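Which chain is which? The protein sequence lines are 1C, 1B, 1A and 1J, in order.
Position in the first sequence (first residue = 1) + 5 = PDB author numbering.
Position in the second sequence (first residue = 1) + 5 = PDB author numbering.
Position in the third sequence (first residue = 1) + 5 = PDB author numbering.
Position in the fourth sequence (first residue = 1) + 50 = PDB author numbering.
Everything below concerns the one structure shown next.
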Amino acid sequence: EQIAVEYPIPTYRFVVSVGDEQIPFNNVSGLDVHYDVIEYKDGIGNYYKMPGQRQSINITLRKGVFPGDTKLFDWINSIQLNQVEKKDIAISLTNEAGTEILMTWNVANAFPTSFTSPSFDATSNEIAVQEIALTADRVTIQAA
Amino acid sequence: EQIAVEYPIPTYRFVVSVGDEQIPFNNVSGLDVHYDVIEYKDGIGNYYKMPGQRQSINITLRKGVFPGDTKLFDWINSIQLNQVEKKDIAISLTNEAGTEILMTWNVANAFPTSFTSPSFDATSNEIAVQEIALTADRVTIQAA
Amino acid sequence: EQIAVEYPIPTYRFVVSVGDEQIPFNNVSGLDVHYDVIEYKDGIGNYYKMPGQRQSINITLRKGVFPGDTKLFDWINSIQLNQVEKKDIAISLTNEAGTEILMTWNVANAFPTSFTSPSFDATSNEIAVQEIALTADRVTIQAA
Amino acid sequence: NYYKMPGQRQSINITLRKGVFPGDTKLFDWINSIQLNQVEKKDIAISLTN
Numbered sequence: 006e007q008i009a010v011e012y013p014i015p016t017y018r019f020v021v022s023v024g025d026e027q028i029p030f031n032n033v034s035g036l037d038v039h040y041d042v043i044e045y046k047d048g049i050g051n052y053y054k055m056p057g058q059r060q061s062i063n064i065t066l067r068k069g070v071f072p073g074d075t076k077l078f079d080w081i082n083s084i085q086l087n088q089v090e091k092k093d094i095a096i097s098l099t100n101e102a103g104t105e106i107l108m109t110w111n112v113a114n115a116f117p118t119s120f121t122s123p124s125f126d127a128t129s130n131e132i133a134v135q136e137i138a139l140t141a142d143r144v145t146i147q148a149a
Numbered sequence: 006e007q008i009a010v011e012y013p014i015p016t017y018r019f020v021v022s023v024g025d026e027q028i029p030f031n032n033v034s035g036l037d038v039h040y041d042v043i044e045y046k047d048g049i050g051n052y053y054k055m056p057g058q059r060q061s062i063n064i065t066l067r068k069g070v071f072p073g074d075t076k077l078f079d080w081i082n083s084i085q086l087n088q089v090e091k092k093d094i095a096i097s098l099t100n101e102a103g104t105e106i107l108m109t110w111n112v113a114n115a116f117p118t119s120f121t122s123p124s125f126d127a128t129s130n131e132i133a134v135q136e137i138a139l140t141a142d143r144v145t146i147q148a149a
Numbered sequence: 006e007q008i009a010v011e012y013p014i015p016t017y018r019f020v021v022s023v024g025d026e027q028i029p030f031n032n033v034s035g036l037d038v039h040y041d042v043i044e045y046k047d048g049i050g051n052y053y054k055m056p057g058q059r060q061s062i063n064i065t066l067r068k069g070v071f072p073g074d075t076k077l078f079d080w081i082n083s084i085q086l087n088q089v090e091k092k093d094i095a096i097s098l099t100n101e102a103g104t105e106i107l108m109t110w111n112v113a114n115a116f117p118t119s120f121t122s123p124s125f126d127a128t129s130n131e132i133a134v135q136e137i138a139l140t141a142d143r144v145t146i147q148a149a
Numbered sequence: 051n052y053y054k055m056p057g058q059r060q061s062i063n064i065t066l067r068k069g070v071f072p073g074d075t076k077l078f079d080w081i082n083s084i085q086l087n088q089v090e091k092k093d094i095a096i097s098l099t100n
């Protein structure tokens, strides 16, 4: 008796922190893990398939533009040759009230690689939105 | 108490100036910063990723055609071999009344590379619109 | 006081002349100026960008088929080896009454390269339309 | 017994690439100053900077 049913978490209940500060973002995507496949074949019919080298992480974060707010462009603009400040990102799925954490996506050593300014369209009534693309080392999912 | 909420700036509240004169445009896009990624791998498992070389800026500006107006075509038509007059572009997001600047996009040393004439369609009721593509050196976002 | 506002010219108010005769066309497109970009990089950080060579013009003209009308096919069919009659094309934006010219597009030394016949469709109620493509030397915009 | 040892050191051959600039003839002037076996020998330093 008393069959219990659980539904998946809605995709809009998340919180993003960059470095050690929390930044309200609009969209986060690209938190994928990819492995190459190494194959070896024998003449007698053996076919070996094993995981290969893990690839780097590419993450794109998207948010609107607000007055007196240029932190992302300041981050991308502080690049000198190969020197840049690397930060750890953390995206967490929260409950409805937002007082608890259910799952966490941990991204380590992410630095900016591209910045996209809003498309200024005089014939549109939408909001101006900026985008930034980061390259990181490794992602890890931790259940709280 | 008194939670404060701010909304992003609408995308149509912008003013464009080319050189030292203001030109009413219809659409501005392409103000992106792109960095290459340099990767080095060691046999023991080290994986170094650093920013590479910054890429140039490609910007497209769009506006309608008006009687007795050929400034953009005159600019592109003045090219002799590799000699052309390079100008600085500035796109600023203004407030509602247009009496204040909230954010500015600074583009340095932009010269024309392509001009698109209106597509003359006798079956259309729309306005004739021209387009110009510029190649620049570097873009910078400054918060006013 | 008395703020003056001007609207862009509609795109359907144009007149086309091929050679020295005026031909009623339906659609004209491709009047674009393109320049290549030449780049030179120094070891100390210099990044020179200049315009390169101007590209040739490609123009497509579209119009319906009328009884006893084959001037375009006669033009394209008169090709013998590399010999063909080259003509000048002029597309002008007129006023509402069609008695005054506002803007003019000048095309020099255009010769046909491809002719497209109507797609005969027994299930369609549309008009049969022919198309021609020209290669030219240079396009120039003159304000009247 | 198989003895293997270093031998004589060889000379260095380097090439430099540079664009052509208005009024610039310095490299051709240097190569064009050769008289028989007489030439101005210079030291080249290449440094990786920030």
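Here a beta-carbon is modelled for each residue, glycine too, at the ideal position from N, C-alpha and C.
For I81 (chain 1B), the three-state secondary structure derived from DSSP is helix. In this structure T75 (chain 1C) does not touch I84 (chain 1B) by the C-beta definition: roughly 35 Å separates them, more than the 8 Å allowed.
C-alpha of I132 (chain 1B) to C-alpha of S124 (chain 1B): approximately 10 Å in a straight line. Using a CB distance below 8 Å, no part of the region 68-83 of chain 1A faces chain 1B.
Here the region 63-82 of chain 1C does not lie against the region 42-49 of chain 1C, with fewer than 3 beta-carbon pairs under 8 Å apart.
Inter-residue distance for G50 (chain 1B) and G69 (chain 1J) is about 41 Å (C-alpha atoms, whole angstroms). In the DSSP assignment, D37 (chain 1A) is bridged to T121 (chain 1B).
No Cβ-Cβ contact shorter than 7 Å links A113 (chain 1C) with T65 (chain 1C).
In the three-state DSSP reduction, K76 (chain 1A) falls in the helix class (H, G or I). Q135 (chain 1A) and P15 (chain 1A) have their C-alpha atoms some 24 Å from each other. In the DSSP assignment, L139 (chain 1C) falls within the beta strand (DSSP E) that extends over 134-141. Using a Cβ distance threshold of 7 Å, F120 (chain 1B) and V33 (chain 1A) do not count as a contacting pair. The region 91-102 of chain 1B makes contact with the region 18-32 of chain 1B: 3 or more CB pairs, one atom from each, lie closer than 8 Å. Considering only beta carbons, the part of the region 121-135 of chain 1C lying closer than 8 Å to chain 1B consists of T121, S122, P123, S124, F125, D126, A127, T128, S129, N130, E131, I132, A133, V134, in chain order. Distance from the CA of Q60 (chain 1B) to the CA of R67 (chain 1J), rounded to the nearest whole angstrom, comes to 22 Å. If the five residues before and after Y53 (chain 1B) are omitted, its C-beta is found closer than 6 Å to the C-beta atoms of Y45, all from its own chain and listed in chain order. Relative to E105 (chain 1A), the option among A148 (chain 1A), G48 (chain 1A), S122 (chain 1A), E90 (chain 1A) whose CA is nearest is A148 (chain 1A).
Taking CB atoms only, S119 (chain 1B) has a neighbour in chain 1A less than 7 Å away. Here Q88 (chain 1J) has no same chain residue with a Cβ atom under 8 Å from its own Cβ, once five neighbours each way along the sequence are excluded. Bounds of the beta strand (DSSP E) holding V23 (chain 1A) are 19-23. Contact check for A141 (chain 1C) against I62 (chain 1C) passes: the beta carbons are separated by less than 7 Å. If you compare the alpha carbons of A127 (chain 1B), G48 (chain 1B), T109 (chain 1B), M55 (chain 1B) with that of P72 (chain 1C), the shortest gap goes to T109 (chain 1B). In terms of beta-carbon proximity, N87 (chain 1C) lines the interface with chain 1B, with at least one pair separated by less than 7 Å.
Nearest C-alpha to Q58 (chain 1A) among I28 (chain 1B), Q58 (chain 1B), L86 (chain 1B), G35 (chain 1B): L86 (chain 1B). Of all alpha-carbon atoms in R18 (chain 1B), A115 (chain 1B), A102 (chain 1B), the one lying nearest the alpha-carbon of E90 (chain 1B) is that of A115 (chain 1B).
For the 7 Å CB-CB criterion, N31 (chain 1B) and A127 (chain 1C) form a contact. Excluding residues up to 5 positions away in sequence, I14, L98, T99, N100, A149 lie with their Cβ nearer than 7 Å to the Cβ of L107 (chain 1A) in the same chain. Take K92 (chain 1A), set aside five residues on each side of it, and the residues of its chain with a beta-carbon closer than 7 Å to its own are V23, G24, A115, in chain order.
Going by beta carbons, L36 (chain 1A) and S129 (chain 1B) fall outside the 7 Å limit. Using a CB distance below 8 Å, the part of the region 43-67 of chain 1C facing chain 1B consists of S61, ordered along the chain. The C-beta of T140 (chain 1B) comes closer than 7 Å to at least one C-beta of chain 1A. Around the beta carbon of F78 (chain 1J), fewer than 16 other beta carbons lie within 10 angstroms, which makes this residue exposed.
In the DSSP annotation of this structure, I8 (chain 1A) is not part of any beta strand (DSSP E), being labelled neither H nor E. Residue environment: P29 (chain 1B) is assigned as exposed (fewer than 16 neighbouring CB atoms within 10 Å of its CB, all protein chains considered). In the three-state scheme derived from DSSP, where H, G and I count as helix and E and B as strand, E90 (chain 1C) is classed as coil.
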